[PDB]
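Enquirer: Mind folding the following:
(chains A, B, C and D, ligands or ions: 11)
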Amino acid sequence: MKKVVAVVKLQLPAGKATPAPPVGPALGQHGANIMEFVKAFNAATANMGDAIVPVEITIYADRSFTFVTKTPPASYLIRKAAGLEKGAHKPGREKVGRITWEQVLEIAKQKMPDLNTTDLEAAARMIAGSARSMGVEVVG
Amino acid sequence: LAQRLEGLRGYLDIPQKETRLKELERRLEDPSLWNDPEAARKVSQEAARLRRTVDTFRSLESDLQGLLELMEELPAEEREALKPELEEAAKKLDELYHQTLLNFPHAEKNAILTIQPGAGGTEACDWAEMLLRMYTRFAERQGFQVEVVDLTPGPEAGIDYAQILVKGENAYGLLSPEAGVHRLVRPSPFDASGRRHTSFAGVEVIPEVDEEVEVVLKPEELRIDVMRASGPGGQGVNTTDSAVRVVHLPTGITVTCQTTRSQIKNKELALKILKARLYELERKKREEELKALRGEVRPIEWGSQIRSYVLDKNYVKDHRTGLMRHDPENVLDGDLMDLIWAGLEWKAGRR
RNA sequence: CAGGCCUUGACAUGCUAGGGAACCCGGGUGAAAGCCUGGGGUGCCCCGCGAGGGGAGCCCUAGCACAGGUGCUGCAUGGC
RNA sequence: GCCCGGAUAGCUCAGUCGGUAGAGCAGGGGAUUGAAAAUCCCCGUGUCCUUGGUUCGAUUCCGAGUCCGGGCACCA
Ligand SMILES: [Mg+2]
Ligand SMILES: [Mg+2]
Ligand SMILES: [Mg+2]
Ligand SMILES: [Mg+2]
Ligand SMILES: [Mg+2]
Ligand SMILES: [Mg+2]
Ligand SMILES: [Mg+2]
Ligand SMILES: [Mg+2]
Ligand SMILES: [Mg+2]
Ligand SMILES: [Mg+2]
Ligand SMILES: [Mg+2]
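Expert: Residues are numbered from 1 along each chain as shown, chains lettered A, B, ... in the order given. Ligands and ions are numbered 1, 2, ... in the order given. The protein structure is shown below:
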């Protein structure tokens, strides 16, 4: 989340990104380019690792933008702890994953920034909610 | 080498469609187009087609370089440990296989095979008695089950008419190709000299689709009138609205009735007919609407074979492809994966 | 037919290279095939006691020309 | 709709007082034939229409039903 009157927030891929499939052209309708966010973009994705990179965009109408990178969505970061790829067509009590007690504090070393709370436990109980979103169990 | 063929059967779909995504992913980068509630949906269909056209051409050039690198035909460790690395990376090459076999508008449901004889007479009928067992094993090897709807012999030798229904996942898609008239050349048993003879017999293939039997013409499109009786009668034939007329508008059919001396016994007895004529003219369609869905090839004359079978010199001549197998006797056992392998190409290759 | 192996190969012929030129009992491993492997030593043509290797058998591995097929056609044929 | 008759082997039909079930053709295995017929010996062969009741047991007798075939539907 950044500013308005010419912005867009997406969760880019990881490794490669230039074509149009994921969102390649969607950022162009609201003003964009092909040579500004492809190679001169994966400088961050090459660092964030792989999987997902919730980095977004902000238009100015002159090929300029505020590429403020972000931490993988709490929706994905949970599939790593448990293992599942999707989560569940429908959450509830059943889910193809598992997450022990301190399993949620494994991400405590991940999500600490913009959550709202600097600490690890006053910000982890938030991801315990994404365990009631996708379904992913909470061993305990 | 069985993957230099298949591996490049999808290497031609690259350029043809490649530069096409350019003139499509270039209509997405502009909103001015979206204004069209549908010309912005249709484009997002082509935009999303770079799904099965950007994953294949990608993870297939890997199954061509991650194998032609460490593969010694001599038993090794860093070699026979690469085959199982491409056993499911070749078994998955089947993903592109069924893509040219499961992309039929109606290849799910069971298929129906009508093997009828033709030129060659007393022999030509024998031909169908073989092509039948030929398709019996085929479908009985791949797992599918069979249901002999009908089967009748005849005069000298062979079979007159044989109709069958076979089930099993993705069935029609496998027998649709083997559709046309098959020719045979062998020493006619039913001859004195034993001369070399030919025989023709057709094989039709149509999937089990619509089943039910219903026609509820709701009195929602009927115009019922009630004029005064005609003919004899009495002080009442002039007074009562006996005669009734029910009208069908989406067709143009009209039925009348003065058989009795009551309007209510005539409008229902006049309806008891419109139901009829309709079911006949509503079915006359099912005769013409299903006679072009099957196709056209079926003359059985000399000069129209899809595949030619020969026991003489012994070989099979697929006329549709240009291929000329040498195992005829072997095919008559159900072995048809390969002629259909080529048949699911020549056929579904023009559309 | 299922499974485990072998490629000038089970066999013919000529040829190629440093090997090598009769050669003999095992060890290991595996279902066997096979892969691998632990020792004796070559009459001799004989410059020649010698170093050496010309050396006839001629086995060992790589390479070449080829071998191989109860695969098809008995209406392409012989013979029977 | 009113009244009368039906439905029995796969096809067309015989039958029982209520305690069997039958025919002819078709179809299945042999025989002749060089081979198909024809012919020839051997055979299977039924929830007796749906459904309820009567009965010690109903294909059978009963009340309703689905379908088929006939005779009626006149004096205005
Ligand atoms: Mg006849
Ligand atoms: Mg009168
Ligand atoms: Mg009146
Ligand atoms: Mg002869
Ligand atoms: Mg009958
Ligand atoms: Mg009895
Ligand atoms: Mg009888
Ligand atoms: Mg007989
Ligand atoms: Mg006969
Ligand atoms: Mg019987
Ligand atoms: Mg009178």
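Enquirer: Give me the distance between the two termini of stretch A:49-68.
Expert: With C-alpha to C-alpha, to the nearest Å as the measure, stretch A:49-68 spans 16 Å from end to end.
Enquirer: And chain B, is that stretch touching that?
Expert: No - using C-beta under 8 Å from any C-beta of the partner chain, stretch A:49-68 stays clear of chain B, coming no nearer than 12.5 Å. In short, each C-beta sits where N, CA and C put it, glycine included.
Enquirer: Quick check: residue A:5 vs residue A:124, distance?
Expert: 35 Å (C-beta to C-beta, to the nearest Å).
Enquirer: So for the two, which sits in the more crowded spot?
Expert: When neighbours are counted by other C-beta atoms under 10 Å in any protein chain shown, residue A:5 and residue A:124 differ, and residue A:124 comes out ahead with 20 against 6.
Enquirer: so who does that one touch?
Expert: With contact taken as C-beta atoms under 8 Å, 6 or more residues apart in numbering or on different chains, residue A:124 is in contact with A:104-105, A:107-108, A:111.
Enquirer: which non-adjacent residue is nearest the residue of chain A found nearest chain B?
Expert: Taking C-beta to the nearest C-beta, chain B has its nearest neighbour within chain A at residue A:20, 3.1 Å off. Setting aside the residues directly before and after it, residue A:20 is nearest to residue B:25 in space (C-beta to C-beta, 6 or more residues apart in numbering or on different chains), at 3.1 Å.
Enquirer: quick one on the thing from earlier: just name the closest of the contacts of residue A:124 to RNA strand C, please.
Expert: residue A:107 (45.5 Å; C-beta to the nearest atom of the strand).
Enquirer: for that closest one, what are its contacts?
Expert: Contacts of residue A:107 (C-beta under 8 Å, 6+ apart): A:74, A:77-78, A:81, A:124, A:127.
Enquirer: Can you lay out those residues as TSV showing secondary structure and distance to residue B:40?
Expert: Compiled in TSV, the contacts of residue A:107 are given as follows (DSSP: H, G, I helix; E, B strand; the rest coil; distance: C-beta to C-beta, whole Å):
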residue	secondary structure	distance to residue B:40
A:74	coil	32
A:77	helix	34
A:78	helix	34
A:81	helix	39
A:124	coil	42
A:127	coil	37
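Enquirer: Format the residues you listed as TSV; extra columns: distance to residue B:162.
Expert: Listed next are the contacts of residue A:107 as TSV, based on distance: C-beta to C-beta, whole Å:
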residue	distance to residue B:162
A:74	64
A:77	63
A:78	60
A:81	62
A:124	71
A:127	66
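Enquirer: Which ones among these also lie next to RNA strand C?
Expert: Among the contacts of residue A:107, no residue is within reach of RNA strand C (C-beta under 7 Å from any atom of the strand).
Enquirer: Let me have those residues in CSV, extended by distance to RNA strand D.
Expert: What follows is these, written out as CSV (distance: C-beta to the nearest atom of the strand, whole Å):
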residue, distance to RNA strand D
A:74, 62
A:77, 63
A:78, 58
A:81, 60
A:124, 66
A:127, 62
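Enquirer: among those residues, who's most crowded?
Expert: That'd be residue A:78 among these, by other C-beta under 10 Å, with 27 neighbours.
Enquirer: Roughly how far does that one sit from residue A:129?
Expert: 10 Å.
Enquirer: What helices and strands are in contact with whichever strand or helix holds residue B:147?
Expert: Using DSSP states H and E, residue B:147 falls within strand B:146-152. Counting contacts by 3 or more C-beta pairs under 8 Å, 6 or more residues apart in numbering or on different chains; DSSP states H and E, strand B:146-152 is packed against helix B:124-141, strand B:161-166.
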